[PDB]
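One chain is shown next in structure tokens, namely the form deposited in one PDB entry.
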């Protein structure tokens, strides 16, 4: 996260760190949507151009973390995965459309002050909140800037949603119905953004009606750090909710 700041403890208790068993390393962000299910980006699991082809026995999720590196005993929960489900219409060969995956925990994770699930959006929350100029919050442990640098604790940033035509016109890459963009404009005195290590983490909005946090997006292609892009691209979670509910119902 670029131009973010240190998370207050428990600020996003749904934040999950996708973590490699061997070597032990941060791979991506992720989010807790129930005591058994974790949401991430598909390209965090399967992306052969970056030599990523992970199976369930390659991976851990670390839940309840604040420090990027410390073993946070008695606060974090480190979990193996039972199964990974990648969206059937995700195709890394073409583009990052439907960049979404579900991770089923081996066991339900116990909730605490530091571990609690985020809400999934419904149609109303999209229509009322997913609007140009409205800000959502992105969290992660990705790099702080270009390498050509890592935070000690989870970073927080608030980002404005970009008008769909404006984002379509900012790039020659196709912005599908399953994506939205977020990020500041060139004349803004804020420059927040997500970087690759933030991929798979949540873009979350606090409802002005009920004080609940709703995960509207998944970081799919941030523009910060080494990408030096214009706007960050996010998986539109609601547009893929049919698949999400299908998997949970079938395999929960």
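Numbering follows the first chain given and starts at 1.
This protein has a second form, the form deposited with a partner chain bound, left out of what is shown; the following refers to that one.
Residue in contact with the partner chain in the deposited complex (any heavy atom within 4.5 Å), chosen from 79, 143, 170, 178: 79. Checking 70, 52, 227, 185 for any heavy atom within 4.5 Å of the partner chain in the deposited complex turns up a single hit: 70. Every residue of the trio 24, 60 and 107 has some heavy atom no more than 4.5 Å from the partner chain in the deposited complex.
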